[PDB]
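Values below: all heavy atoms of this structure, side chains included; hydrogens, waters and symmetry mates excluded. Protein chains get the first letters and strands the later ones, always in sequence-line order, with residue 1 at the start of each.
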Amino acid sequence: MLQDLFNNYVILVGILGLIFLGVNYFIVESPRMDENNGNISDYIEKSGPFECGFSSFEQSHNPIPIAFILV
Amino acid sequence: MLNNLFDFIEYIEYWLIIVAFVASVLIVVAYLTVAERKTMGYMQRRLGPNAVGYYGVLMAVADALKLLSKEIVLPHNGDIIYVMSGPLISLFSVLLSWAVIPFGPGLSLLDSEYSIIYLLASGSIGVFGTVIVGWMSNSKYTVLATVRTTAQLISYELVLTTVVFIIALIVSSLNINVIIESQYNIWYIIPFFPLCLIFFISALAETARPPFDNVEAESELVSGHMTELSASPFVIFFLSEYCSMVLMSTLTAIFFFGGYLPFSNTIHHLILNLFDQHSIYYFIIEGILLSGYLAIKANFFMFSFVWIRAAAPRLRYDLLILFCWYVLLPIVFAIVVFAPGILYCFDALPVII
Amino acid sequence: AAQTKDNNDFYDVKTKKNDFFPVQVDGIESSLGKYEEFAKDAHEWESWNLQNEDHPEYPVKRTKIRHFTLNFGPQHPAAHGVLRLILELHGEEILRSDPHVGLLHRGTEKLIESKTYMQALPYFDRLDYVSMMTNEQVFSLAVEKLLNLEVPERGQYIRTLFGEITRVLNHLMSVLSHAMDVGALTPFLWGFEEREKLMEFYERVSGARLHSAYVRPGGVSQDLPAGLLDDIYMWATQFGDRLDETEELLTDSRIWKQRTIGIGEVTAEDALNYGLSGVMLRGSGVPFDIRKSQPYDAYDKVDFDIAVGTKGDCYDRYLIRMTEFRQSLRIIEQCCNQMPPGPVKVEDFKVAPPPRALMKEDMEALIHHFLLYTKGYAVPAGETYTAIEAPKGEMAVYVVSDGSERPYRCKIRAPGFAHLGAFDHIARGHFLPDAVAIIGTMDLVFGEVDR
Amino acid sequence: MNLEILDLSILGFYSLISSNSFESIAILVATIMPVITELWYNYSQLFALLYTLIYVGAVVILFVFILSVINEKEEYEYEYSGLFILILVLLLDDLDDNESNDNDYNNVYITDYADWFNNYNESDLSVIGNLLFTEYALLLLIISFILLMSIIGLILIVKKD
Amino acid sequence: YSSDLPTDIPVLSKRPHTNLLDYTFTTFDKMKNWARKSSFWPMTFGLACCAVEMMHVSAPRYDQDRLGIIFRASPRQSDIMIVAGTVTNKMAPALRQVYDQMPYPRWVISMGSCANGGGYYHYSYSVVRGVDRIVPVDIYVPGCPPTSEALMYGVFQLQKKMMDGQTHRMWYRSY
Amino acid sequence: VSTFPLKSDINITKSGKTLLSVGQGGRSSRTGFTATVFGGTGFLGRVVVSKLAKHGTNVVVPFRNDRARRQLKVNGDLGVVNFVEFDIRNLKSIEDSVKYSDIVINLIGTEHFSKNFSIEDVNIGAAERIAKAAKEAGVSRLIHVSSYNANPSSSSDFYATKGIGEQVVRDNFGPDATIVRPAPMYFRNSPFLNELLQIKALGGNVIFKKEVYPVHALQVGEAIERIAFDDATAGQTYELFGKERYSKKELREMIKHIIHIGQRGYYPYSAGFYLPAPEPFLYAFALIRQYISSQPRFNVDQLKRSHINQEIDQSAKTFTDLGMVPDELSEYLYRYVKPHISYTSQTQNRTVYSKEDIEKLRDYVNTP
Ligand SMILES: CCCCCCCCCCCCCCCCCC(=O)OC[C@H](COP(=O)(O)OCCN)OC(=O)CCCCCCCCCCCCCCCCC
Ligand SMILES: NC(=O)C1=CN([C@@H]2O[C@H](COP(=O)(O)OP(=O)(O)OC[C@H]3O[C@@H](n4cnc5c(N)ncnc54)[C@H](OP(=O)(O)O)[C@@H]3O)[C@@H](O)[C@H]2O)C=CC1
Ligand SMILES: CCCCCCCCCCCC(=O)OC[C@H](COP(=O)(O)OCC[N+](C)(C)C)OC(=O)CCCCCCCCCCC
Ligand code: SF4
């Protein structure tokens with residue numbers, strides 16, 4: 001059983017995943033070509049969490065009871 | 001040139017084979033999204049996509065390209081790790097699982113006596129990709145999906161693994177290609193019709209497809225773990241989920257419907273008798289037929305994936321937990337005892353040949 | 001209640017009741033000396049701790065942390081419009097639900113007081129914006145009762161015929177969206193084509209697909225166009241099959257029954273005390289219907305039955321709404337056969353506008369046409385409380401008249417407003433996906449709630 | 001160029017700087033993956049897949065436990081460390097990577113001579129099953145006995161009633 | 001520092017294609033414009049009776065999915081915001097936050113008299129007199145409610161506007 | 001802003017027109033003025049358009065980016081904000097923007113040169129063409145915004161072209177042209193603060209040594225509102241700057257503590273918050289990206305400006321001549337760097353930096 005063909009496929013799969021991100025990063029127009037609202041790191045109204053419109057308490061690190069923990 | 005080109009192609013030939021293999025899977029996955037919308041439309045007495053490319057043949061391209069031209073939303077540009085680690089792990093898990101899927105006799109990238117174990121092990125890694133999105137996230141809907149995702153895994157993983165082991169036990173082999181060839185005289189749908197239903201139910205649960213679509217319930221958790229995803233992270237997760245649908249549909253054709261084996265042996269011989277085995281045209285047609293047999297069986301279950309979505313309401317995940325442990329697990333464990341008893345009784349314990 | 005030294009808004013010190021004898025321990029000593037000789041240094045020694053954490057009265061200051069607070073806000077498909085449903089979740093189980101409304105509050109009742117009775121009618125089309133013509137009917141009946149006028153026979157049948165066509169339209173929106181929220185997408189698409197056929201009947205008689213200001217105080221705006229009854233009947237012969245095919249996917253489905261049976265149970269005692277009406281009231285075993293308790297607009301001249309549940313859960317209410325589908329189709333058939341000739345509005349030109357042809361030839365008709373559209377018609381002073389069996393339940397209007405042409409007060413009673421007020425009492429203890437089913441089973445339209 | 005060295009160096013760097021519990025379970029995944037891949041090549045493909053089949057399921061159960069316990073402690077607790085001292089610590093650990101001090105055993109290569117006497121060739125898993133169910137069947141039955149104890153043990157510890 | 005600006009260079013919307021790079025970036029724009037026009041994903045933002053007509057666009061009679069139109073529940077996955085209903089003062093901050101959470105490119109459609117200018121509730125104490133007071137509107141759809149064909153016509157107008165975008169040729173010629 | 005910007009309800013323009021304001025000064029009110037804001041889709045432009053249109057003044061916004069102009073219309077009522085597709089190389093488009101305008105505000109300027117425009121074309125050529133077109137249209141008032149270190153004899157291309165731009169505008173439009181020299185402006189998404197907030201700031205030892213007098217952007221837009229509606233400001237030069245001098249290194253370190261990047265001691269160095277590079281390497285990298293990168297990067301001229309500090313022309317006028325008190329950066333620093341805070345998220349307690357807290361943090365930064 002020879003697995004050189006398999007190794008090449010695994011290498012391509014890893015490279016293929018980065019292509020999707022690289023293409024999306026190099027295809028989107030720059031913010032200045034858009035409405036020019038600046039970088040996403042400053043647009044806090046956009047990078048904030050989604051809560052269906054109304055902001056609520058921030059409970060990111062609160063405990064979450066689990067009713068199926070025994071299962 | 002000429003001489004230096006006629007060996008350069010030989011040097012790079014097997015990379016073209018893999019690239020063609022990757023394109024073959026992507027085309028099916030790309031047009032499964034179009035097929036699902038078309039199939040549900042007519043069942044719902046609508047049309048489905050027919051205005052993006054001639055009769056809707058470019059619908060998949062437009063959806064992918066538009067999302068690839070979308071802004072990536074993240075707290076900072078350096079946070080590309082957080083929203084990409086999840087989808088990439090999920091995508092790599094399902095793409096690597098396709099290595100052991102033989103389109104014909106020996107026509108798989110990875111051949112091994114442990115192909116069954118590699119298949120199940122690779123799929124389990126994809127679950128870790130989904131839970132990564134809920135990484136102490138500030139989004140409450142993302143968090144709730146991660147809890148549901150873990151609950152679903154506990155449901156199907158035991159049931160799905162044991163059903164595959166029964167088929168492997170019947171053939172006494174963990175090689176997928178050996179399992180396919182063992183169904184020459186009988187397709188395992190007939191002796192193990194209950195297992196095929198159980199396998200399909202577990203396949204629906206594994207892919208988080210309805211009626212087990214609790215992870216991405218639009219009426220419950222807006223978009224689940226993908227509510228905070230956009231542009232490429234959404235595409236990769238969307239691609240991985242549909243790649244699992246094709247993979248599980250192909251697996252159902254392999255385990256219970258003979259894989260690539262012809263529907264009729266007589267028809268297979270007649271078509272191939274029209275071609276000379278001393279020419280490459282015979283093996284081009286042979287690959288089309290054998291994969292065509294697999295495609296027809298796989299397309300039926302991809303149709304069935306869409307069919308159940310358009311015919312059944314969603315089941316609550318806590319009801320799913322009781323469904324697998326109280327019903328599915330006792331049944332599959334009963335069969336894993338029943339089958340060896342039958343084989344030993346009639347002196348038909350399986351061996352590998 | 002009140003800030004105490006053991007319980008405040010930020011922390012608490014809980015001490016359970018002791019379940020063991022209060023043992024007395026005195027003279028603590030070691031092999032080298034007494035406790036008081038080494039108690040100064042004993043804080044470094046865990047073996048010298050005199051308080052056991054297993055003791056029920058062990059002091060522990062625990063910070064008060066709010067539960068998982070999930071906002072089922074306006075941007076959520078489950079909410080049928082605008083609703084800030086605040087849920088206190090322990091995992092996914094619901095502990096307390098706070099439905100925040102007013103996101104669709106547009107001051108309709110305030111604006112009505114500045115409009116004449118004719119100008120105020122289109123506001124009712126936009127309260128329960130799927131059952132439009134029933135909303136006009138309850139306000140029309142209230143003004144007609146105050147005006148001491150009676151609609152002619154043909155007018156009553158028209159409002160009965162379109163009253164049940166409206167009810168079919170509402171149940172198509174209510175039941176299928178309820179099934180869509182649970183996960184049944186296909187029945188939603190099948191029935192929304194039947195809405196297109198029925199909305200074409202709305203547009204044929206009024207010119208508006210949805211907001212058809214057709215039912216007015218004193219009759220209807222216009223007479224039926226020729227051929228409408230034939231088209232309505234041709235649809236009626238086929239609508240029976242659409243209902244059966246809908247039931248093929250829901251009624252006997254084991255998945256659908258697991259999502260509705262035992263979910264959102266309401267007792268008959270509590271249904272009355274929370275002002276529940278319609279399917280919510282009839283699901284708990286109480287056979288009450290306004291079309292039978294106080295007949296209006298030719299509902300006393302047609303034969304129909306009311307379905308009454310026994311278990312008071314969502315599945316019973318689904319079955320009732322499917323029976324009301326067939327009973328409404330039964331009424332529509334009778335209205336087509338029994339439609340009488342005659343005027344469609346009251347033969348009184350001081351309230352109902354005169355015909356256009358008569359307006360341009362008669363001096364008195366022109367004056368009445370001029371005054372009805374510029375000043376309106378005055379309504380005798382008084383008040384009324386008129387209720388009709390709306391598809392959502394009991395919809396009532398409390399209209400106060402001062403002898404002028406503009407209502408002095410118009411209180412609109414919304415069955416959905418009362419249904420949502422019981423959501424906390426009904427959905428407590430259920431899980432998150434059960435809340436979506438409970439919202440759907442109440443048939444909530446938030447224009448009606450926030451009128 | 002042994003790229004396994006670079007992966008372990010990256011993994012070791014994040015082990016010293018990991019603060020919250022989520023980064024710790026990520027360390028566990030970043031540990032099993034090099035083990036599986038290094039097992040998949042070289043020594044044993046069978047146990048590389050067995051490690052993936054069993055430990056990945058344990059990781060998810062481990063992860064879901066973290067969601068029920070995180071209590072904001074490490075989201076604001078400060079750490080000091082220092083980039084220079086962390087690199088110095090990893091550099092010194094990199095200096096010595098000889099787990100054994102038998103230089104001959106580590107520097108001299110050996111071969112094996114294959115033979116054709118085994119006409120009946122089967123996978124290692126079949127031989128393991130042959131011995132485990134016949135020669136060491138007591139171990140298999142005791143393992144099931146231990147599994148039974150765990151099932152009873154989990155219920156009594158966790159269940160309120 | 002001598003600057004010699006030409007005086008009669010046409011603006012981008014009038015500028016014809018002269019060199020090879022003009023056709024290259026116009027091809028780049030059209031591929032993106034076709035993709036976004038074809039993959040028209042609105043957000044499920046139904047407020048009032050205008051939403052009912054928006055549902056009938058997805059009904060089998062019109063079947064918006066045949067044009068590539070899919071409604072998404074999250075602002076991240078949607079590029080079209082259809083304001084279908086009345087916008088109240090209690091709702092206005094929520095509408096702005098949801099709009100800001102949509103990644104670019106994004107468009108807003110104002111449907112019905114409520115969203116356009118307040119309509120029946122223009123003189124109400126709790127109603128915003130036009131959603132354009134909060135978010136920029138690309139197209140206004142008239143009607144109370146606009147018919148399912150009226151909304152589809154407005155979407156077609158927006159898609160016509162989108163196909164005329166020259167984002168990448170603007171960088172080549174205007175910047 | 002206030003409730004009514006004009007000092008009187010009747011205003012007579014330099015060209016003789018009488019303009020009457022109506023309303024109390026809200027969205028539905030009008031001031032009788034029509035203004036053209038060149039470069040209204042930029043950073044300062046949006047502030048200027050918002051202030052003018054919010055009180056009813058008609059605003060004509062020439063534009064080249066179609067998506068960037070959409071958010072400007074929200075500022076004003078129906079018919080208040082108007083758009084004209086324009087290019088500085090199209091003379092007809094510019095003449096249409098100023099045809100109906102009583103005030104023309106030139107906010108067009110750049111620090112970089114591209115494949116289509118040089119620094120001279122935008123800072124000098126565009127300003128001259130706008131100024132000359134405004135005079136031929138009979139515009140009463142023209143407001144030109146130069147830079148803070150505008151000097152025609154400066155060794156920097158940006159400062160020199162800005163200095164020449166001031167002279168070429170006064171020659172074309174005439175002595176009735178008002179020139180504004182704003183300092184670096186701090187605000188939400190401000191270019192002056194965006195560079196400091198960037199984690200991977202290459203060559204921070206060479207670039208962040210510049211000392212400036214940062215001024216609030218909201219006040220600069222407020223000052224332009226004062227200047228446009230006050231004919232007593234015609235023909236004058238205004239230097240808009242804050243009282244407190246700051247060096248970018250002090251601001252960089254002060255921001256670093258506010259963002260709480262230092263919660264992990266190793267992280268700022270590992271994440272690349274310090275990128276010491278030789279200036280000759282920065283010159284080479286800036287020179288290369290001037291022809292490879294399609295987006296405006298740190299260019300050669302900005303490298304020169306890092307060695308030039310902001311010097312204030314004493315002869316020019318300030319906020320005192322306009323009756324305003326400059327805002328202090330310490331008061332507004334926290335609210336403009338707040339979006340970039342790492343976690344916050346009301347976990348334990350938000351650390352709100354007041355006016356006194358920022359000043360104390362400045363002492364800590366300079367404390368060795
Ligand atoms: C597999 C491809 C797709 C994934 C690529 C993601 C690359 C990120 C690094 C992968 C792990 C490499 C080894 C590091 C061990 C885990 C340490 C960790 O917590 O993740 C690193 C990530 C970096 O962010 P940073 O801010 O520097 O760390 C927090 C500092 N307080 O800090 C984070 O907490 C972000 C975590 C995001 C989710 C990562 C989950 C683990 C991913 C493991 C899959 C790969 C298996 C390991 C392969 C390398 C082995 C050394
Ligand atoms: N800290 C600061 O920002 C300082 C500002 N200034 C000056 O103030 C003025 C306002 O700029 P600011 O808002 O702060 O930041 P920007 O540099 O982003 O503003 C530049 C404005 O001028 C336009 N512009 C540039 N080149 C052209 C061109 N060829 N054709 C048409 N328009 C062009 C831009 O239009 P578009 O966006 O559509 O491309 C934009 O509106 C500038 O002139 C600037 O030099 C000086 C000192 C401090
Ligand atoms: C490689 C990445 C994956 C594939 C992506 C493919 C995406 C699909 C293409 C977008 C379609 C589109 O946009 O075509 C739509 C456009 C119409 O544009 P309009 O604005 O409606 O009219 C404006 C155009 N006029 C003014 C001419 C009317 O058609 C065309 O002009 C097609 C004509 C161009 C030449 C076509 C044949 C040349 C060969 C092309 C194949 C090699
Ligand atoms: S514009 Fe008319 S149909 Fe639309 S939401 Fe307002 S009242 Fe309802």
task = Mind listing the closest non-hydrogen atom pair of E:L67 and B:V52 along with its distance?
result = O-CG2, 3.9 Å
message = Can you tell me which of E:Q64, E:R106, E:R72, E:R76 forms the most heavy-atom pairs within a distance under 4.5 Å of chain B?
response = E:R76
key: Greatest number of heavy atom pairs closer than 4.5 Å to chain E - which of B:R45, B:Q44, B:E228, B:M59   = B:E228
key: Heavy-atom proximity to chain E below 4.5 Å, by part of B:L58   = both
task = For E:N19, look at atom CG and say whether over 12 heavy atoms of other residues, nucleotides or ligands are found less than 6.0 Å away.
result = yes
key: Enclosure of E:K161 NZ (heavy-atom neighbours >12, cutoff 6.0 Å)   = no
request  = Mind running side chain to side chain contact (heavy atoms under 4.5 Å, CB included) on E:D65 and B:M40 for me, showing each step along the way?
outcome  = CA-CA 11 Å; E:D65 193 17; B:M40 279 185 304; over 6 Å; no
key: Donor-acceptor pair, side chain of E:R36 and main chain of B:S69, under 3.5 angstrom   = yes
Show the atom names and distances, to 0.1 Å, of all donor-acceptor pairs under 3.5 Å that link a side chain in residues 84-94 of chain E to residues at least two apart or in another chain.
from  : atom 1 : to     : atom 2 : distance (Å)
E:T86 : OG1    : C:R106 : NH1    : 3.4
E:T88 : OG1    : C:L103 : O      : 2.6
E:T88 : OG1    : E:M91  : N      : 3.2
E:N89 : ND2    : E:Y125 : O      : 3.3
E:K90 : NZ     : C:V101 : O      : 2.6

query = Highest number of heavy-atom pairs under 4.5 Å with chain E: which of B:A231, B:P49, B:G56?
reply = B:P49
message = I want to check a possible cation-pi pair here: B:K66 against E:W41, using under 6.0 Å from ring centre and within 45° of the ring axis as the test.
response = yes
inquiry  = Please report the interatomic distance CZ(B:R37) to CG(E:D63), rounded to the nearest 0.5 Å.
reply    = 9.5 Å
ask   = Checking heavy atoms, do the side chain of B:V73, its backbone, both or neither come under 4.5 Å from chain E?
value = side chain
ask   = With a cut-off of 6.0 Å (strictly less than), are more than 12 heavy atoms of other residues, nucleotides or ligands near CZ of B:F300?
value = no
task = Please look at E:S78 and chain B and tell me whether the side chain, the backbone, both or neither of the residue comes under 4.5 angstrom of a heavy atom of that chain.
result = backbone
request  = Could you tell me which portion of E:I70 (side chain, backbone, both or neither) has an atom closer than 4.5 angstrom to a non-hydrogen atom of chain B?
outcome  = side chain
task = Over all heavy atoms of both residues, which pair between B:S223 and E:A73 is shortest? Give the atoms and the distance, please.
result = OG-CB, 4.4 Å
message = To the nearest 0.5 Å, what is the distance between OG on E:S74 and CD on B:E218?
response = 10.0 Å
request  = Count the heavy-atom pairs under 4.5 Å between each of B:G48, B:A64, B:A51 and chain E, then report the option with the highest count.
outcome  = B:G48
request  = Please look at E:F40 and chain B and tell me whether the side chain, the backbone, both or neither of the residue comes under 4.5 angstrom of a heavy atom of that chain.
outcome  = neither
inquiry  = Under 4.5 Å from any heavy atom of chain B, what part of E:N33 do you find: side chain, backbone, both or neither?
reply    = neither
query = Taking atom CZ of E:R66 and atom CZ of B:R46, what is their separation to the nearest 0.5 Å?
reply = 12.0 Å
B:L229 portion near chain E, given a 4.5 angstrom heavy-atom threshold = backbone
